[PDB]
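# take these chains first, placed just as they are in the complex:
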Amino acid sequence: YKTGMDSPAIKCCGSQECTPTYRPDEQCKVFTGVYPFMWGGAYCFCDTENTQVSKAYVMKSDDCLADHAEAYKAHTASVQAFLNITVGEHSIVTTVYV
Amino acid sequence: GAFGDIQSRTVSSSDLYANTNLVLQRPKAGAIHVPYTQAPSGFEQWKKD
Amino acid sequence: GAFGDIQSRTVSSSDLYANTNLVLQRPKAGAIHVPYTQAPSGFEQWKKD
Amino acid sequence: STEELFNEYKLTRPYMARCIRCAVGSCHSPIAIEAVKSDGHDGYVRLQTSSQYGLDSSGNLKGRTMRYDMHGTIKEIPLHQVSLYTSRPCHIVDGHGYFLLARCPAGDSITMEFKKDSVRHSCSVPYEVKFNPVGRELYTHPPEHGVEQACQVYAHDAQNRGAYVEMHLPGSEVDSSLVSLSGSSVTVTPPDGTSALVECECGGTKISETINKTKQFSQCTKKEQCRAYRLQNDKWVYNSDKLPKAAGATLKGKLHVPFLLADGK
């Protein structure tokens, strides 16, 4: 499975709340008192009122189509056979259900 | 952590049930990311077994 | 796989007895080589012991 | 090959991401790696990076170069110039857009060294490399000869059949380099054809586009008071862990992924 995390949502100099959406095992969290820092300086210049909206869920792996394990419900086995029968100098090869 | 952490009725089926004990932690100060912790892939653990 | 897999009456003696269970396998398609599998050097094994 | 490359490159927007190890302390490295997959039996690793591969900076099919960006400036490098390593040095197979394919041996961590003209910056990630052999005969390295079994390795084909990623409109990027200190004012000059959403912190906070021309910022003389938010949005960007989420940009788009794992012998 591939973990799916969205881009963090920051309410700079403000408050924000997580929106409950529907994803496999989706989790949303709100983080306050966060001072994000970027390459081009600090993203938010307020100390408080920085709510961080983080949502993460689970996605099936990209290669799940090719590589995967399959569970089956097994019961009531059928029996088959290949018989190479020769009766009266008649060499006969065929399949006969058991 | 065991088999069945990801269950799909069909390979192409979009619907799937996920149970990986996914929980987030506090993001580190000065960084933007999604800090998450969860059990290892149950299918992967079964394969290692 | 044991001491004496190669036996020579003398250091400079040309004659030597070789018993290494040397068996050839199928060469890989598209490649030219000698695909051989044999036991490790019994002399080397005794040295390791 | 042209179709998927064009699909990925019309809305690529290469970026720089936070990296734990920039070969000096910690920084945001353009070569930062966000995900590595090491499930290939032979040892091939399929990973996606901030930098793009397979095309130049002009959106033309050019697979021999690696395309990245620095501080909003898109730059490109020859693929052979930049190499990654592990516990042992690796070998790069090919790259396709965000995702990259290479032959790495077993390792505890992934690092790619980008040596520019004078500045050599590299990013390391503490992701283990699972080098799982094939069959019950545990080899630390592929043998020269022998019998063959069914094997699953990340094929280098660029076909993208049943997997994709979501690309959104990138969020606003802060750029304090654009902040200039003028006489009793700040002259944030946006670059050519660029909207710099200027945010100023003083009495009476103001937000302005100033897309074409810079604006004098009264009551906000000091440079640190005003923060410049570069806003280009030329192309969509991959939904990355390091990028801010633009709330007003719900611009999800599927981007079919290359280097899908395929069965073989």
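Ah, there it is. Numbers count the residues shown, from 1 in each chain, chains lettered A, B, ... in the order given.

# in a helix, residue B:45, correct?
Yes - under DSSP: H, G, I helix; E, B strand; the rest coil, residue B:45 falls within a helix.

# shouldn't it be in contact with residue B:1?
Yes - between residue B:45 and residue B:1 a contact is recorded at 6.1 Å, counting by CB atoms under 8 Å. Backbone N, C-alpha and C define where each C-beta goes, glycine included.

# mind listing what the residue lying closest to residue D:241 once chain neighbours are set aside touches?
Spatial nearest neighbour of residue D:241, chain neighbours left out: residue B:33 (5.0 Å); criterion: CB to CB, 6 or more residues apart in numbering or on different chains. By CB atoms under 8 Å, 6 or more residues apart in numbering or on different chains, the contact list for residue B:33 reads A:8, B:27, D:18, D:241-242.

# for those, which one is nearest residue D:232?
Relative to residue D:232, the closest of the contacts of residue B:33 is residue D:242; by CB to CB it sits at 17.2 Å.

# for residue D:124, name its beta-bridge partners.
Beta-bridge pairing for residue D:124 (DSSP bridges): residue D:21, residue D:111.

# distance of it from chain A?
For residue D:124, the distance to chain A (CB to the nearest CB, to the nearest Å) stands at 18 Å.

# what's the spacing between that residue and residue D:23?
The gap separating residue D:124 from residue D:23 is 8 Å, by CB to CB, to the nearest Å.

# more neighbours: these two, which one.
Neighbours were counted for residue D:124 and for residue D:23 using other CB atoms under 10 Å in any protein chain shown; residue D:124 has more, 20 against 17.

# tell me if I'm right that the more buried one and residue D:21 touch.
Yes - between residue D:124 and residue D:21 there is a contact under CB under 8 Å: 4.0 Å.

# mutual contacts of these two, please.
By CB under 8 Å, 6+ apart, the residues touching both residue D:124 and residue D:21 are residue D:111.

# neighbours around residue B:35, how many?
Neighbour number of residue B:35 under other CB under 10 Å is 18.

# residue D:133 now?
There are 14 residues near residue D:133, going by other CB under 10 Å.

# what about the closest residue to residue B:34 other than its chain neighbours, distance to residue A:29?
Nearest non-adjacent residue to residue B:34, counting by CB to CB, 6+ apart: residue A:5, 3.8 Å away. Note on residue A:5: its distance to residue A:29, by CB to CB, is 11 Å.

# give the residues shared as contacts by those two.
By CB under 8 Å, 6+ apart, the residues touching both residue A:5 and residue A:29 are A:54-55.

# excluding its backbone neighbours, what's nearest residue D:74?
Leaving aside its chain neighbours, residue D:74 sits nearest to residue D:57 (5.1 Å; criterion: CB to CB, 6+ apart).

# the one you found: what's it in contact with?
By CB under 8 Å, 6+ apart, the neighbours of residue D:57 are D:67, D:74-76.

# and chain E on top of that:
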Amino acid sequence: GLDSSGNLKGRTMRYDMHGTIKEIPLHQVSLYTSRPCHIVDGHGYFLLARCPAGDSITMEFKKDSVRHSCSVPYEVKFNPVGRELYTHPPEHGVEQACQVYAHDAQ
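Following on from the chains above, chain E is added here:
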């Protein structure tokens, strides 16, 4: 941290050859271990670098034609922090008190 003439130049490495004092840029010369290291900064005799775990310490100095390196059989103890044994610093997680050599020139 200084040139061959005793001037503050932290970006270069200074040495000597047969009594002839010569200098090289710091980035030019690198050391490695079981895995290649990363050099943080140098200060006179003492040098600070980011080396992963290794059994021996070796620095390769390649001049114009002569490449000379010295390897010493000194172990590199990559001792983790806390009760969670990690072979490489994690990307995220909780923080503890850690003792590391600060790069300050004090």
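
# please reconsider the neighbour count of residue B:35 now that chain E is part of the model.
23.

# other residues contacting stretch D:94-102?
D:4-5, D:8-9, D:12, D:44-50, D:52-55, D:63, D:66, D:79, D:84, D:90-93, D:154, D:156, D:158, D:165, D:238, D:255, D:257-259.

# so which of these belong to strands?
Among those, the ones falling in strands (DSSP state E) are D:44-50, D:52-55, D:63, D:66, D:84, D:91-93, D:154, D:165, D:238, D:255.

# among these, name the buried ones.
D:44-50, D:52-55, D:63, D:66, D:84, D:92-93, D:154, D:165, D:238, D:255 (16 or more other CB atoms under 10 Å in any protein chain shown).

# which of the residues you listed are close to chain A?
residue D:154 (CB under 8 Å from any CB of the partner chain).

# who in chain B is up against chain D?
B:12, B:31-34.

# give the burial count for residue D:141, as a bare number.
Residue D:141 - counted by other CB under 10 Å - has 10 other residues nearby.

# which residues touch it?
residue D:105.

# and it, that one's in a helix?
No - applying three-state DSSP, one finds residue D:141 to be coil, outside a helix.

# give me phi/psi at it?
phi -160, psi 140 (degrees, to the nearest 10).

# please apply the same query to residue D:156.
According to degrees, to the nearest 10, residue D:156 has phi -80, psi 0.

# I figured it hits residue D:259, correct?
Yes - using CB under 8 Å, residue D:156 is in contact with residue D:259, at 6.5 Å.

# which one's more surrounded, the two?
Using other CB under 10 Å as the criterion, residue D:156 and residue D:259 rank with residue D:259 on top: 29 against 15.

# which residues does the more buried one contact?
D:46, D:96, D:99, D:101, D:154-158 are the contacts of residue D:259 under CB under 8 Å, 6+ apart.

# just the closest of the residues you listed to residue A:40, please.
Of the contacts of residue D:259, the one sitting nearest to residue A:40 (CB to CB) turns out to be residue D:99, at 26.6 Å.

# give the contact list for the residue lying closest to the closest one once chain neighbours are set aside.
Closest residue to residue D:99 apart from its sequence neighbours, by CB to CB, 6+ apart: residue D:48 at 4.5 Å. For residue D:48, the contact set (CB under 8 Å, 6+ apart) comprises D:33-35, D:98-100, D:238.

# just list whatever residues bridge to residue D:48.
residue D:35, residue D:99.

# what's the spacing between residue D:93 and residue D:99?
11 Å.

# next, give phi and psi for the residue nearest to the spatial centre of chain A.
For chain A, the residue nearest the mean C-alpha position is residue A:60 (2.1 Å; CA atoms, centre = their mean). Backbone geometry at residue A:60, expressed as degrees, to the nearest 10, gives phi -60, psi 150.

# what is the neighbour count of the closest residue to residue D:71 other than its chain neighbours?
Closest residue to residue D:71 in three dimensions, ignoring its sequence neighbours and counting by CB to CB, 6+ apart: residue A:39, at 6.4 Å. Residues within reach of residue A:39, counting by other CB under 10 Å, total 21.

# throw chain F on there as well:
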Amino acid sequence: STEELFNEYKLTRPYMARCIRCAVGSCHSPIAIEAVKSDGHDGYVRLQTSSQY
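If we add chain F to the chains shown above, we get the following:
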């Protein structure tokens, strides 16, 4: 020193050999190695390759 080098080099004929790992897939590489001997006590290895030295 000249004698043995000349004896080897009068009939050298360097070649390229099939290599399992050519840094891309598999190919025939001019630098391919056929044998490595690793009995050196200090760690020194004497090996023969297609290329000459």
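
# again for the contacts of residue B:33, chain F present now?
A:8, B:27, D:18, D:241-242, E:91-92.

# run the last query once more with 7 Å
B:27, D:18, D:241-242, E:92 (CB atoms under 7 Å, 6 or more residues apart in numbering or on different chains).

# just say helix, strand or coil for it.
coil.

# what about the residue of chain B found nearest chain E, distance to residue E:94?
Nearest to chain E in chain B, going by CB to the nearest CB, is residue B:35, at a distance of 4.1 Å. Distance, residue B:35 to residue E:94, using CB to CB: 10 Å.

# please apply the same query to residue D:46.
For residue D:46, the distance to residue E:94 - CB to CB - is 31 Å.

# just to check, the residue of chain B closest to chain E is in contact with residue B:27?
Yes - using CB atoms under 7 Å, residue B:35 is in contact with residue B:27, at 5.2 Å.

# hey, what's in contact with both of those two?
Shared contacts of residue B:35 and residue B:27, counting by CB under 7 Å, 6+ apart, come down to nothing at all.

# identify the residues contacting residue D:185.
D:216-218, D:221.

# quick one on the thing from earlier: so which of the contacts of residue B:33 is the most crowded?
That'd be residue D:18 among these, by other CB under 10 Å, with 25 neighbours.

# isn't that residue right up against residue B:31?
Yes - with contact defined as CB under 7 Å, residue D:18 and residue B:31 form a contacting pair (5.7 Å).

# not counting sequence-adjacent ones, nearest residue to the residue of chain A found nearest chain F?
Going by CB to the nearest CB, chain F is nearest to residue A:66 of chain A, at 20.1 Å. Nearest non-adjacent residue to residue A:66, counting by CB to CB, 6+ apart: residue D:261, 5.2 Å away.

# repeat that for residue D:133.
residue D:139 (5.2 Å).

# residue numbers of chain A in contact with chain B?
Within chain A, the positions lying close to chain B (CB under 7 Å from any CB of the partner chain) are A:1, A:3, A:5, A:8, A:24-25, A:27, A:29, A:31, A:34-37, A:52, A:54, A:56, A:58, A:60, A:64-65, A:68-69.

# give me the number of residues near residue B:9?
Other residues within reach of residue B:9, judged by other CB under 10 Å, total 10.

# what strand or helix carries the spatially most central residue of chain B?
Residue closest to the mean C-alpha point of chain B, counted by CA atoms, centre = their mean, is residue B:20 at 4.3 Å. In this structure, residue B:20 sits in neither a helix nor a strand according to DSSP states H and E.

# for it, which residues are in contact?
A:25, A:58, B:5, B:38-39.

# helix, strand, or coil at residue A:63?
Here residue A:63 is recorded as helix under three-state DSSP.

# could you find the closest non-adjacent residue to it?
Closest residue to residue A:63 apart from its sequence neighbours, by CB to CB, 6+ apart: residue D:261 at 3.6 Å.

# all set now, cheers.
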